[PDB]
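Q: The structure under discussion is supplied below as structure tokens; questions concerning it will follow.
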Amino acid sequence: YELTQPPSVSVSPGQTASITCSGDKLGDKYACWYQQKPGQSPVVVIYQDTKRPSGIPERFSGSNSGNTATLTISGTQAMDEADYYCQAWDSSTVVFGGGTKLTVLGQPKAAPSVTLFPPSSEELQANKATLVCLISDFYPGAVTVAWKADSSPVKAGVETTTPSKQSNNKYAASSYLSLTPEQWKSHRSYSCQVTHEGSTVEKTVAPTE
Amino acid sequence: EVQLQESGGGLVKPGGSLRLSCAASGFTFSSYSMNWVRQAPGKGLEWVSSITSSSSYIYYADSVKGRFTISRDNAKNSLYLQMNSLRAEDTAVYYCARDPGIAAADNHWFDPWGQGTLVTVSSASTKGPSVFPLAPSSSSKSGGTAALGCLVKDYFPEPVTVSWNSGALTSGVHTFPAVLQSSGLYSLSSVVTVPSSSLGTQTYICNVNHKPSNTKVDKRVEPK
């Protein structure tokens with residue numbers, strides 16, 4: 001059993017943010033919502049679909065209809081920037097959604113620049129191979145990075161950083177794919193795919209230069 | 001309003017064992033089901049295990065079955081998690097969480113959560129980096145310029161510093177924060193954007209310093 005959440009939602013200050021969470025027959029289950037700010041423990045903000053704990057501001061509300069649970073934040077404020085997780089029980093197993101990063105926009109959105117480097121001939125001579133995908137100047141600070149072997153997904157060997165804030169208040173991240181030399185040479189190409197706010201940039205490198 | 005306080009986290013080698021505990025205050029520990037949840041760095045929440053107050057109903061996530069054991073001592077207000085055959089994948093912050101819901105109505109939720117305790121499963125020791133050149137390209141950062149760089153691979157512990165041409169090249173330099181890999185080793189990259197016409201005339205050298213391993217590398221980055 002899975003619950004699917006958008007990886008990121010962004011809202012201007014004062015606008016209504018809506019975070020959705022879909023699950024099979026989720027209307028039969030009680031949905032809960034948790035807020036987690038950087039470096040802190042989660043805190044319940046909605047439980048039993050719609051109930052708000054005492055001390056949670058009234059602009060937070062929950063609903064569960066059409067088999068999607070929705071966390072709604074009206075008049076969203078800077079302090080509401082956080083990760084939000086939905087949660088439901090499926091036969092004694094506790095299931096969390098993947099999490100939604102809510103950004104309260106303090107500046108206009110910025111698209112990422114992506115640079116992809118193939119393994120160096122030196123590293124290949126050392127019987128190793130690393131591809132390097134560098135992602136810079138994006139805002140909000142949330143991206144999805146996916147690697148492709150030819151046109152197929154990569155199943156192992158990816159290491160991706162959490163985005164970090166640059167001097168200019170945009171974000172940067174990097175992703176690394178470790179391969180064997182035989183894997184590098186036996187594919188026509190590898191690709192780094194970066195998705196940001198619903199747009200995708202894909203860079204591709206090949207062993208045959 | 002009420003609190004859970006976990007302890008026992010720390011550094012353990014792959015295949016090692018560790019026991020976590022959690023102490024409750026402000027509520028009657030023996031009245032509630034208790035849960036463990038973990039969160040790997042930069043990742044999402046993953047439920048680990050649950051136990052009723054009576055210890056007669058106990059459930060585990062598949063990812064930990066056969067290796068972890070949940071237990072509780074009501075008289076000591078303590079929840080425990082015995083963790084055996086630990087793997088790098090088990091590296092995470094581990095949270096204690098109370099379920100104050102109604103089991104009969106299958107109406108559950110987690111409140112409160114503890115502050116969490118960090119478990120690091122790693123056999124990394126001091127290691128100097130391998131430094132590899134990232135040969136120039138003008139396909140992504142151009143307009144008369146080319147990006148080149150150095151890959152600083154598989155070092156431990158932090159930090160590493162990188163400069164270019166002994167520090168005389170500073171504009172256009174972007175050194176990226178290191179990734180902590182599942183191997184427990186760090187890697188980082190530094191790139192500089194330079195005029196593409198200089199690629200033939202100007203030597204570019206990244207100066208890498210890793211004081212913890214007493215390693216320095218000056219790597220020339222030549223065009224292909």
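Every chain in the structure tokens takes a letter, A first, then B, and so on in the order presented; its residues are numbered from 1, and the ligands are numbered from 1 following the presented order.
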With 8 Å as the limit and counting only C-alpha atoms, what residues in chain B lie close to chain A? Please list them as an MDAnalysis selection string.
A: chainID B and resid 42 44:47 59:61 106:116 132:135 140:141 176:182
Q: Create the file for the chosen residues now, containing N, CA and C atoms and written as a CSV table (one decimal), in the first residue's frame.
A:
chain,number,residue,atom,x,y,z
B,42,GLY,N,17.9,13.4,4.6
B,42,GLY,CA,17.3,13.9,3.4
B,42,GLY,C,16.2,13.1,2.8
B,44,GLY,N,12.4,10.4,3.5
B,44,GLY,CA,11.1,10.5,4.1
B,44,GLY,C,11.0,9.6,5.3
B,45,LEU,N,9.8,9.6,5.9
B,45,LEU,CA,9.5,8.8,7.1
B,45,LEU,C,9.1,7.4,6.8
B,46,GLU,N,9.7,6.4,7.5
B,46,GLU,CA,9.5,5.0,7.3
B,46,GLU,C,9.2,4.4,8.7
B,47,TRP,N,7.9,3.9,8.8
B,47,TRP,CA,7.6,3.2,10.0
B,47,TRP,C,8.4,1.9,10.2
B,59,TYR,N,4.1,-5.6,15.4
B,59,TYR,CA,4.2,-5.6,13.9
B,59,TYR,C,5.5,-5.0,13.5
B,60,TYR,N,6.0,-5.4,12.4
B,60,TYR,CA,7.3,-4.9,11.8
B,60,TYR,C,7.1,-4.6,10.3
B,61,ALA,N,7.8,-3.6,9.9
B,61,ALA,CA,8.0,-3.3,8.5
B,61,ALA,C,8.8,-4.5,7.9
B,106,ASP,N,-9.7,1.5,14.6
B,106,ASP,CA,-8.6,1.7,13.7
B,106,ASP,C,-8.3,3.2,13.4
B,107,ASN,N,-8.4,4.0,14.4
B,107,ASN,CA,-8.2,5.4,14.4
B,107,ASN,C,-6.9,5.7,15.1
B,108,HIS,N,-5.8,5.8,14.4
B,108,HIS,CA,-4.5,5.9,14.9
B,108,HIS,C,-3.8,7.2,14.4
B,109,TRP,N,-2.8,7.7,15.2
B,109,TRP,CA,-2.0,8.8,14.8
B,109,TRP,C,-0.8,8.8,15.8
B,110,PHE,N,0.2,9.6,15.4
B,110,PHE,CA,1.4,9.6,16.2
B,110,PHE,C,1.6,11.0,16.9
B,111,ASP,N,1.5,11.0,18.3
B,111,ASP,CA,1.7,12.2,19.0
B,111,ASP,C,1.9,11.8,20.5
B,112,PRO,N,3.1,12.2,21.1
B,112,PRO,CA,4.1,13.0,20.4
B,112,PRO,C,5.1,12.1,19.7
B,113,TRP,N,6.1,12.8,19.1
B,113,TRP,CA,7.3,12.1,18.6
B,113,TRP,C,8.5,12.5,19.5
B,114,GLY,N,9.4,11.6,19.7
B,114,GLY,CA,10.7,12.0,20.4
B,114,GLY,C,11.5,12.9,19.6
B,115,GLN,N,12.6,13.4,20.2
B,115,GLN,CA,13.6,14.2,19.4
B,115,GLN,C,14.4,13.4,18.4
B,116,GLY,N,14.4,12.0,18.6
B,116,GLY,CA,15.1,11.2,17.6
B,116,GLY,C,16.6,10.9,18.1
B,132,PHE,N,39.9,13.5,-9.9
B,132,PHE,CA,39.8,13.2,-11.4
B,132,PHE,C,39.4,14.5,-12.1
B,133,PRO,N,40.0,14.7,-13.3
B,133,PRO,CA,39.7,15.9,-14.1
B,133,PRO,C,38.3,15.8,-14.8
B,134,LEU,N,37.6,16.9,-14.8
B,134,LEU,CA,36.3,17.0,-15.5
B,134,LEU,C,36.6,17.9,-16.7
B,135,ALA,N,36.9,17.3,-17.9
B,135,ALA,CA,37.5,18.0,-19.0
B,135,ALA,C,36.4,19.0,-19.6
B,140,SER,N,26.5,23.5,-21.8
B,140,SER,CA,25.5,23.8,-20.8
B,140,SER,C,25.7,25.2,-20.1
B,141,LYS,N,27.0,25.6,-20.1
B,141,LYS,CA,27.4,26.9,-19.6
B,141,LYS,C,28.3,27.6,-20.7
B,176,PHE,N,30.7,22.6,-5.1
B,176,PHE,CA,29.5,22.0,-4.6
B,176,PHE,C,29.6,21.3,-3.3
B,177,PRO,N,28.6,21.5,-2.4
B,177,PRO,CA,28.7,20.7,-1.1
B,177,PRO,C,28.8,19.2,-1.4
B,178,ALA,N,29.6,18.6,-0.5
B,178,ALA,CA,29.8,17.1,-0.6
B,178,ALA,C,28.6,16.3,-0.5
B,179,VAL,N,28.5,15.2,-1.2
B,179,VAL,CA,27.5,14.1,-0.9
B,179,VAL,C,28.1,13.1,0.0
B,180,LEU,N,27.3,12.7,1.0
B,180,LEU,CA,27.6,11.6,1.9
B,180,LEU,C,27.0,10.3,1.3
B,181,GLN,N,27.8,9.4,0.8
B,181,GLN,CA,27.4,8.3,0.0
B,181,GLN,C,27.0,7.1,0.9
B,182,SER,N,26.3,6.2,0.4
B,182,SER,CA,25.9,5.0,1.2
B,182,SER,C,27.1,4.2,1.7
Q: Name all residues at most 9 Å from residue A:80 (count only C-alpha atoms; drop same-chain ones fewer than 5 positions away) and give them as a PyMOL selection string.
A: chain A and resi 35+37+73+102-104
Q: Hey, can you spit out that residue selection with N, CA, C and O atoms as a PDB file, in the first residue's frame?
A:
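Contents of the output file part36.pdb:
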ATOM      1  N   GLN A  35       3.803  17.850   9.983  1.00  0.00           N
ATOM      2  CA  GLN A  35       4.679  18.914   9.516  1.00  0.00           C
ATOM      3  C   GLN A  35       6.058  18.675  10.108  1.00  0.00           C
ATOM      4  O   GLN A  35       6.177  18.357  11.295  1.00  0.00           O
ATOM      5  N   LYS A  37       9.846  20.598  10.104  1.00  0.00           N
ATOM      6  CA  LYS A  37      10.774  21.656   9.732  1.00  0.00           C
ATOM      7  C   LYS A  37      12.211  21.161   9.834  1.00  0.00           C
ATOM      8  O   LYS A  37      12.496  20.182  10.532  1.00  0.00           O
ATOM      9  N   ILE A  73      -3.866  24.980   3.662  1.00  0.00           N
ATOM     10  CA  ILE A  73      -3.362  26.063   4.497  1.00  0.00           C
ATOM     11  C   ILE A  73      -3.800  27.365   3.850  1.00  0.00           C
ATOM     12  O   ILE A  73      -3.302  27.725   2.779  1.00  0.00           O
ATOM     13  N   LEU A 102       6.769  22.197   1.009  1.00  0.00           N
ATOM     14  CA  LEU A 102       6.018  23.418   0.769  1.00  0.00           C
ATOM     15  C   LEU A 102       6.976  24.604   0.817  1.00  0.00           C
ATOM     16  O   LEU A 102       7.594  24.867   1.853  1.00  0.00           O
ATOM     17  N   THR A 103       7.091  25.322  -0.290  1.00  0.00           N
ATOM     18  CA  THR A 103       7.869  26.552  -0.325  1.00  0.00           C
ATOM     19  C   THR A 103       6.915  27.739  -0.339  1.00  0.00           C
ATOM     20  O   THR A 103       5.970  27.773  -1.131  1.00  0.00           O
ATOM     21  N   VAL A 104       7.137  28.687   0.561  1.00  0.00           N
ATOM     22  CA  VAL A 104       6.437  29.962   0.517  1.00  0.00           C
ATOM     23  C   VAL A 104       7.349  30.931  -0.226  1.00  0.00           C
ATOM     24  O   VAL A 104       8.404  31.320   0.282  1.00  0.00           O
TER      25      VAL A 104
END
Q: Select from stretch 161-194 of chain A everything DSSP, run on the backbone, classes as helix (DSSP H, G or I), then give the selection as number ranges by chain.
A: A: 181-185
Q: Between B:149, B:205, B:35, B:137, which one has atoms that come closest to residue B:168, using only C-alpha atoms?
A: B:205
Q: Residues of stretch 137-209 of chain A in strand (DSSP E) according to DSSP, as a PyMOL selection string?
A: chain A and resi 137-138+144-149+152-153+158-160+164-165+171-179+190-196+199-205
Q: For residue B:150, find every residue with an atom within 8 Å (counting only C-alpha atoms), except residues of its own chain fewer than 2 positions away, and show them as an MDAnalysis selection string.
A: chainID B and resid 131:134 148 152 189:191 206 219 221
Q: Excluding same-chain residues fewer than 3 positions from residue A:20, what lies within 7 Å of it counting only C-alpha atoms, as a ChimeraX atom specification?
A: /A:5,68-71
